[PDB]
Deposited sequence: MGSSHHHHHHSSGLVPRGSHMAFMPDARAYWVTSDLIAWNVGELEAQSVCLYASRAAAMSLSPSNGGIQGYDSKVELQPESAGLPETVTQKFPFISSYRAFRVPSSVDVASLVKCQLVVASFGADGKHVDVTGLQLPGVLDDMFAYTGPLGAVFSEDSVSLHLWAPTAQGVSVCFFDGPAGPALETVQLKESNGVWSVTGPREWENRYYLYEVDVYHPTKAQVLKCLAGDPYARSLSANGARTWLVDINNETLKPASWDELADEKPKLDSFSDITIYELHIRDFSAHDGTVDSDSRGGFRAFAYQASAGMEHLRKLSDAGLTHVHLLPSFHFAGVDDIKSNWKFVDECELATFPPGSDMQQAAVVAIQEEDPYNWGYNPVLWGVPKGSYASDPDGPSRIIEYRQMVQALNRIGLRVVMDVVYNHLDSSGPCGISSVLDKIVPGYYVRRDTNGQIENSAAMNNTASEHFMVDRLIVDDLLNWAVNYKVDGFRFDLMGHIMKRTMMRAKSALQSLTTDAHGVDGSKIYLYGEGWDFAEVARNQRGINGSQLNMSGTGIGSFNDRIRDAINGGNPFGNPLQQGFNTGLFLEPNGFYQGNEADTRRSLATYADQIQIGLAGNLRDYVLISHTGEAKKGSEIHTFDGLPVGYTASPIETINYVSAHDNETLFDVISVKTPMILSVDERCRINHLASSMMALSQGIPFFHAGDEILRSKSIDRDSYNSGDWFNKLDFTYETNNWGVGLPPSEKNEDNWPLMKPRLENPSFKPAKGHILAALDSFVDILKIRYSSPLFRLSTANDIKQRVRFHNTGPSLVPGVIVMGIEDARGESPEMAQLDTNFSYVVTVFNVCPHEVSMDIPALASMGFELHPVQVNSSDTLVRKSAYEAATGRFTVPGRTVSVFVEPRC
């Protein structure tokens, strides 16, 4: 309901009114009040601490609450303020933090002879714990908790260990205008019964929950010398093994599939890892809503039936959509409890298997040379309110963990039920959760979904806390833990309205990565929410119009790409296409923001593809001329991935980039099932032409999709898929062949990286990037590379051979990179350098890497 006033401190209420009284009713009877308190205007106004925490109400009038008021009692009541007649509810987070900020133990604490439970519920009238013996059995016992400063607690005997439980919370819910008895899980849960119906009272440190040699994992972690050595591969746990016939049927789709060391999927990851891939980013793997943890409840359509339907038919999606709410599939961006592994990915959803198997997965990946990144989703909740298994946080302290507008309505810009990390206990829970995953599961990094919705102070505190973990004290080397996220700035958090948020610009100089949407859009063309047929640097703009000024548009995109290739730095200086020398931050995007915004290459996550939006293969198939062969499109796929793999900064690959993965042009496949998200590690298909994708997100584009999906010339064969994989692995090998591709500082990049095809007379469709190392005695720089003294990369998107003469690079000892001399691709082997003129000759649609050997 309507809540326009804010209770910001124990003694201050803020309200934007041009006499004011506070009314309270413990029974929610409001006439009907048990308390009436006149508020006096506070001539001192709002303190600086209040305006800093809640900038959007800095203009509001301040009213003093008399110190004789029992604030702790009143916050448990139905409350209104009235002006003299305007009446409105009160938003309590400010006063709840001021009075009841709590840093003590929450959830379960185990000592030698006892177990304690602590729940933060300062607005609750009563809290009990209901114990169950077993995940499905009836209640065995109820015990009352005692309150101190808004925290409810009880201490019991050690025998309480491994019971299941829920909290019975009597609390006022504004959405129902009643004090309701709510049955709630523990926000600090570390395990659950199926679907989070009950919390398992488990000691996360219990030795039987640790796989063999778990405590020695630190010794077995893959080497990571620098964050600048990171490459990331983004993978969904179910996608990985759902279709993998080399994994036993009962272990497909979950954590256990990673324990099959010689499966097609694991052999695929070993191949990438051995080539130099360092990190695998797993899509949400905590307790999310939308998939039943009980596998026998899953509905699946028969894939053999779906395979009989025409390639451009709407029948496949109709079938999938009919049961998409009851199938095994979701990306999982629907948070319920952050600190527990998803039950649907475990062999048994009740109790220990989800803990052990998660740990086994981390161990398995580490032992094949891959560090593990978790996709963490702290920006919103699946559900709010007092009802249902899927609401926990807002069930216990309504209106606190969620961000609300100035009328008191929940903000939904993230998707639904935005969180308010600006509130003390939300911040606490986020950081506590991160430490849980880092310490209890030895996770190597975190990707923050909608980091722009998270306060920068939360991000920086998390970074500090994680980075200071040690092997001696905590079992993990915190100094190697890497953080990155989506720094999009929109809706209610834009322009720092709720405080300094984790936007791209605000995270410059923090050492926390953000996705570079500039290089993505310049390469592919347009934007995910723009015209689908708008072409870019690598999809035929100017050079190969699709038929649905452009020389200058192409050159503008080339400038944006080059800033990205040099780590997307604010201060890197480029000769722009007009001839003027410009800093990365002085080259602007179409919406007026600086292209280059980082202080370091480690703050840039360079990508052309991810789980969101169309796959690399699909975007290329939509934007390029219809007349191109699939053979040509395969080369274009390789060019895009190579621009990432040979960029300064941190390359990010979508799982399947390397094997032409399609989703039949689905732009948002979160609930599109295994059918549209198929990862085929037999390499027989890429999943192109499996029907029109679900109407929900795609129907407006079906007319462009249908003819392409139906055209057999668009579909690659196994040969194309294997060719893509081989060349992908080669370019990875090249990145890790020389530290020059992975410079660690902006200073190094400004000193060493130069672009050689620039200015108003630049050759369209070609980027030439040179990287210098020390050469000769008493050099101007340190020697980073023992094998090569100089590297030159030529990206040629033209459909014809090009010869680039660079006088600066003439009379040197350049050769084609040994990996490319040794390539299975016939075209790249034809690449050549001629010293007399410094001429680099590169075939059409090819990336050629040249080295000067020592």
{"query": "Parts of the chain sequence, as deposited, that carry no C-alpha coordinates in this structure", "finding": "1-24, 43-47, 60-68, 123-128, 593-598, 905"}
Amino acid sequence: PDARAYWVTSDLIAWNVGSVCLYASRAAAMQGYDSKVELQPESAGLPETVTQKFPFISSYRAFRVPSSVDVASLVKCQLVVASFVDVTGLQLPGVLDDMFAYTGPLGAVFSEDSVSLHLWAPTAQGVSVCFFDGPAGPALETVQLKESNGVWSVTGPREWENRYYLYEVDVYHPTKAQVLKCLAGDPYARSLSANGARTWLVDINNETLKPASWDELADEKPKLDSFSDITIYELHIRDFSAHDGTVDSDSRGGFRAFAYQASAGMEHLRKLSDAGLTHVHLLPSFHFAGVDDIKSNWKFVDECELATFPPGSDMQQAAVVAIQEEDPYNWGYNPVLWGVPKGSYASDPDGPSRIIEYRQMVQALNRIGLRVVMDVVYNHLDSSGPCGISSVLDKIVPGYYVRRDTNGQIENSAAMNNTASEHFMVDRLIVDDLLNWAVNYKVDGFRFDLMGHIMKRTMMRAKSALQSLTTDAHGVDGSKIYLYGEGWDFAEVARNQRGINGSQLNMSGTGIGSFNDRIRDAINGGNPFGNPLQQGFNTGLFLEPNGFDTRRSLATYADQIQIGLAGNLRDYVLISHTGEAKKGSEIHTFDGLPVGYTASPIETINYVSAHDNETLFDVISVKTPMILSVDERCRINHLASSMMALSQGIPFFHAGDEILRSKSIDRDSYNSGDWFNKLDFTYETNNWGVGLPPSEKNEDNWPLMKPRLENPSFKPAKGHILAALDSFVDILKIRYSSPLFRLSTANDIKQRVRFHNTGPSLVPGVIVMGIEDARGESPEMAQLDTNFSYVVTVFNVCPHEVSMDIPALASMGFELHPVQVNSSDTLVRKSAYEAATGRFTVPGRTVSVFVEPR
From here on, numbers count along this sequence of modelled residues.
{"query": "Other compared entries missing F84, a third or more", "finding": "yes"}
{"query": "Average Cα temperature factor in the PDB entry - higher stretch of 803-811, 784-792", "finding": "803-811"}
{"query": "Of 636-644 and 405-413, the stretch whose C-alpha atoms average the higher B-factor in the entry", "finding": "405-413"}
{"query": "From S228, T419, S347, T589, residue of greatest CA B-factor", "finding": "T589"}
{"query": "Out of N205, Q504, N330, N568, highest CA B-factor residue", "finding": "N205"}
{"query": "Relative C-alpha B-factor of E161, binned into the chain's lowest, middle or highest third", "finding": "middle"}
{"query": "Third of the chain's Cα B-factor distribution that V849 belongs to, per the entry", "finding": "lowest"}
{"query": "B-factor third for the C-alpha atom of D293 within its chain", "finding": "lowest"}
{"query": "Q360 CA temperature factor, ranked by third within the chain", "finding": "lowest"}
{"query": "Assigned third (lowest, middle, highest) for the C-alpha B factor of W437", "finding": "lowest"}
